[PDB]
Amino acid sequence: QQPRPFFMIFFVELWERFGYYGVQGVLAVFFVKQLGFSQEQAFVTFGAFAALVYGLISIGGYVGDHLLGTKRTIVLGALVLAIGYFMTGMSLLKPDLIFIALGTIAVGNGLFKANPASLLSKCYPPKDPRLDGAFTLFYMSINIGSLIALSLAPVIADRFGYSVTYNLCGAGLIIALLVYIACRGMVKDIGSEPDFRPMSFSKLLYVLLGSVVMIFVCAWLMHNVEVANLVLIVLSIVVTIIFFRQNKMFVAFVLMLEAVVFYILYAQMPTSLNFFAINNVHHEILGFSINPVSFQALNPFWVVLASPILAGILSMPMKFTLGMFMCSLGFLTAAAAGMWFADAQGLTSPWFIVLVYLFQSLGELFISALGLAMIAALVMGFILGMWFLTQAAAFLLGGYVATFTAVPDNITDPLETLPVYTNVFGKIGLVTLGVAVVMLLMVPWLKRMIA
Amino acid sequence: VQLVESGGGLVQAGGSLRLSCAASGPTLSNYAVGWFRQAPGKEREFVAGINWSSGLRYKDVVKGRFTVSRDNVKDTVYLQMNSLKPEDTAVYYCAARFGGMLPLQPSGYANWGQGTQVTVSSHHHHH
Ligand SMILES: CCCCCCCCCCCCO[C@@H]1O[C@H](CO)[C@@H](O[C@H]2O[C@H](CO)[C@@H](O)[C@H](O)[C@H]2O)[C@H](O)[C@H]1O
Ligand SMILES: CCCCCCCCCCCC
Ligand SMILES: CCCCCCCCCC
Ligand SMILES: CCCCCCCC
Ligand SMILES: CCCCCC
């Protein structure tokens, strides 16, 4: 149905996302159990990691477009990522390595995320009708990799240890690299302009030097979240000022604050919702026992099923509003399950968490994808920078929000943790409901401004 | 995924026993291990447990007599039972749940040992 390089790009993306989510699904538990972090330290450190992973995505589009070429940058990114996964596996011999290894992953993701999608775009003549379907399948590729990793990585870490989990992440990247190199011939006339000139070693050295500096800066920021906080606070207020001095952009500003709220909520899946499943949900569904950390896999699961349906099935600001109402309902459902539908021993049915994750995934399907197009349709490089800075800040804020559910290591009674989770989830749901309402009220004015 | 209990048996009132729970496949380190007991004609009841990060929980009638502990190198959980009384007679089970919680009811735990009989006799020496 699709050009041949589509299938190469599909499987490279699948395996790269498997490596990434193999780490993401186990990271907070690894912090708590393996490094002895409290739940609060683990949550804010996960927030810092996610902020860097997300904010550095801006680098890879530039490196691929203007310095080395898309295809060269896919190769370099995959190599830096694989190195990061194996360094993470090595951190079990050398615990002092952990932050460097995570910084290496962040920088590696930063170099690689934007480039396969770019490549896929060049596999189709410019107004080909199959583009929409191909990109919907690209998203599904991402979520099949994430579904596999979030399902199996906690199980693998329980049975064989973290070194094996992380080395398998590395192996997934290696086979992504092998599939690319084996298929290089399919994309010989596909690329950005630098792909077709010989490689400039000056620019490659600049890219490697900048990568290493960034690996060290990331390691430091993740080790000292108290300076990540002020760096992003002052940087954010300043870039807010520099946005305000310099009327279709105000739509981007209010939509950026709404995207920030969305990312604060998305950030709860590997942290507070993860530990909620651990502490206050039954670890059995349809008669099968599971690792509760695998419950994170319900997000890609619901995307995999729902992205085709919703492709088959207002316009921009209303889609954002709908996504925000869906997310609000996910957290109000979490709160409700804890308030009224729990056991005498403090445990709730996992069908409630299946529903929480359905609501949250529908929110994802309405907001995240739809917003990039809105960004691409209302607007340049500066707004990309401000966007990435603020959404990284959103992930830091999300780690901080998650700390309100943090449980001390000596607590063992589910009836003590249940009300903490329900208070925080209920208040998140109520605030997000308010945010969704103001979004609705502005939907008409917003929809006028897009004209 | 399967726990093996050991160390039960017959003992006189005021004596001591040590139960141990060892797991086969997965490392027990990620698990709260709870000890349950079922006396003749009654339901399994929570006795004592240790979570994955050294938090402890006890039934009221065994505080000051039973101690749960964990040997994290040997991957083993122990129940040290001192000042034993006839009414401690039961089948004892270890159960394992992922994480930091020790729920009071058997339905909170997925993995179960087979059980070790503990009998405490009122036997005492002749005066
Ligand atoms: C909601 C998403 C579910 C993710 C699906 C999981 C994928 C399946 C796992 C691989 C095959 C099953 O393999 C095995 O199955 C057993 C019992 O069935 C499960 O259960 C066992 O391991 C996990 C931790 O890993 C413990 O929380 C659990 O209590 C224990 O009994 C695990 O899931 C897996 O160790
Ligand atoms: C395809 C050409 C291979 C280029 C590999 C060059 C690696 C440069 C090493 C720089 C050391 C910092
Ligand atoms: C004593 C542990 C110090 C660890 C430093 C690890 C660096 C390894 C570089 C590959
Ligand atoms: C297609 C060749 C890519 C070169 C990238 C290697 C950079 C170390
Ligand atoms: C944009 C929100 C900043 C909050 C700092 C506490």
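Residue numbering restarts at 1 for every chain, and letters A, B, ... go by the order of the sequence lines.
Using a distance-only test at 3.5 Å, with no hydrogens or angles considered, no donor-acceptor pair links the side chain of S141(A) to the main chain of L137(A). Side-chain N or O atoms of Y421(A) include none that pairs as donor or acceptor with a backbone N or O of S272(A) at under 3.5 Å. No donor-acceptor pair closer than 3.5 Å links the side chain of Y109(B) to the backbone N or O of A32(B). Judged purely by atom type and a 3.5 angstrom limit, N279(A) has no side-chain atom pairing as donor or acceptor with the backbone of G99(B). Looking at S146(A), its side chain never comes within 3.5 Å of a backbone N or O of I142(A) through a donor-acceptor pair.
Donor-acceptor pairing under 3.5 Å is lacking for the side chains of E364(A) and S368(A). No hydrogens or angles considered: nothing links the side chains of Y400(A) and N229(A) as a donor-acceptor pair under 3.5 Å.
Note: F276(A) and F425(A) have perpendicular aromatic rings, judged against thresholds of 30 and 60 degrees for the angle between ring planes. By the 30° and 60° cut-offs, the orientation of the rings of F30(A) relative to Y162(A) is perpendicular.
The side-chain contact (heavy atoms from CB on, under 4.5 Å) test with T417(A) singles out one residue from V407(A), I278(A), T412(A), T405(A), and that residue is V407(A). Checking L147(A), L150(A), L273(A), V26(A) one by one against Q296(A), the side-chain contact (heavy atoms from CB on, under 4.5 Å) holds for a single residue, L150(A).
The two residues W15(A) and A176(A) come nearest to each other via the heavy atoms CB-CB, 3.8 Å. Scanning both residues, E284(A) and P350(A), for their nearest heavy atoms gives O-CG, 3.2 Å. Between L111(A) and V63(A), the shortest heavy-atom contact is CD2-CG2, 4.0 Å. Residues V53(A) and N109(A) approach most closely at O-ND2, 3.3 Å, considering heavy atoms.
At least one side-chain heavy atom of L255(A) sits under 4.5 Å from a side-chain heavy atom of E258(A).
Atom OG of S236(A) sits about 4.0 Å away from atom CG of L389(A), to the nearest 0.5 Å. For the atom pair CE (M316(A)) and CG (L370(A)), the distance works out to 7.5 Å, reported to the nearest 0.5 Å.
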